[PDB]
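The chain below stands alone, shown as structure tokens; this is the form deposited without 2-[(4-chlorophenyl)amino]benzamide (AYS).
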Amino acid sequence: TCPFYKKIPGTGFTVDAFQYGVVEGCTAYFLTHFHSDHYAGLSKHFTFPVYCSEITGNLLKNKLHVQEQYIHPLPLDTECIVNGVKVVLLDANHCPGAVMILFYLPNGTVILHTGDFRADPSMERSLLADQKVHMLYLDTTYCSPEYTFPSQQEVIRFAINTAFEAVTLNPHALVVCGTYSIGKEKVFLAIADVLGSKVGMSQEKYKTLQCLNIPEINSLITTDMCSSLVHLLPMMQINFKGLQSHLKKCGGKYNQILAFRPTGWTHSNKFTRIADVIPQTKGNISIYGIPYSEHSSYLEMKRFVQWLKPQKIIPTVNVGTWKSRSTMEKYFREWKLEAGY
């Protein structure tokens, strides 16, 4: 059965609710982004209308084989009418094609559902600026002050400088980057760009990236591994055993691996500046964990919410435990008293 925090009251609508079978009363299923925890349940046999971005719709059609007649892509930043209700999709600063949804209810209530997001001050000048929001369905992934991490730009700077140094020192070093879902493409694209290489990957991953509307993508990626010195592999294989094995397969073209694991937050964030990050090393293989987040930090989330001044907040992440729920509710109250709404 569908939880309450996936239902939009006063509508026939649900958000990211594909794993409950037919939800009673649902006339239209929204999908915020193409991440498995959110799309779980969709397939070629799904027969209800799915509303989403152009990019999520490309992935539904090509990767999950959803039939085209049930895919309803909407433009961003544009007022659209769905089953008689005005809606707007806004960029979520998450993975490619990820959206926030604004719903203008028939009775005058305005609801913002953030999907998964990384809050940014640029959102303060989108269509949110123009009107009041009553209820906020909020991505609370990192809702606790211990969750600090650098900007995406600082992290990419570190990665580019690190890769360029290593390969200029040793022209026979291979760079590997871990992946398991869409998102975080900047990591591997910025590194291949500084090295003058395309990025090499499996056919299944190339197919996924070809759905993303990234400009000049045919220029940046390839399935010919032999021609590339930046390789993508599954995240599970970014360990000393799995990297050793991959190096065997390259046939003596290379004698060293420098690998990157873009994680979210890790506890080494509470002690270490990005500048000071060091790898784990075994022989001719080094592994960097880099804190490239596509969710809000605590301070970014706080700022967004204190700017929006919602009347009610409904968390969508960390809702399973009472300790989590109580922690989150205390921070919402702090924020409201400090800003005075």
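The first residue of the sequence shown is number 1, and the count goes up from there. We call the rigid core the largest set of C-alpha positions that still match within 1.5 Å between the two forms.
Using the rigid core as the fitting frame, the root mean square C-alpha deviation in 9 other deposited structures of this protein is greater for 209-217 than for the other of 209-217 and 165-173. Once the C-alpha B-factors are averaged per stretch, 5-13 and 326-334 rank with 5-13 first. As recorded in the PDB entry, 125-133 is the stretch of 125-133 and 155-163 with the greater mean C-alpha temperature factor. Per the PDB entry, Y70 shows the highest C-alpha temperature factor of the residues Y70, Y298, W307, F34.
The residue among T168, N213, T141, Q256 whose C-alpha carries the highest B-factor in the deposited model is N213.
Among all modelled residues in this chain, the alpha-carbon of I314 has a temperature factor (C-alpha) in the middle third.
Compared with the other modelled residues of the chain, the Cα B-factor recorded for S202 ranks in the middle third.
Among all modelled residues in its chain, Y292 ranks in the lowest third by Cα B-factor. Compared with the other modelled residues of the chain, the Cα B-factor recorded for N62 ranks in the middle third. Split the chain's modelled residues into thirds by C-alpha temperature factor. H231 is in the middle one.
Same protein, other form: the form deposited with 2-[(4-chlorophenyl)amino]benzamide (AYS) bound, not shown, and the subject of what follows.
Heavy atoms of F332 reach within 4.5 Å of 2-[(4-chlorophenyl)amino]benzamide (AYS) in the entry with it bound, making it an interface residue.
Among residues of the shown chain, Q311 is one whose heavy atoms approach 2-[(4-chlorophenyl)amino]benzamide (AYS) to within 4.5 Å in the entry with it bound. For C52, no non-hydrogen atom is located within 4.5 Å of 2-[(4-chlorophenyl)amino]benzamide (AYS) in the entry with it bound, even though that partner is not displayed. Interface membership of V305, defined by any non-hydrogen atom within 4.5 Å of 2-[(4-chlorophenyl)amino]benzamide (AYS) in the entry with it bound, is confirmed.
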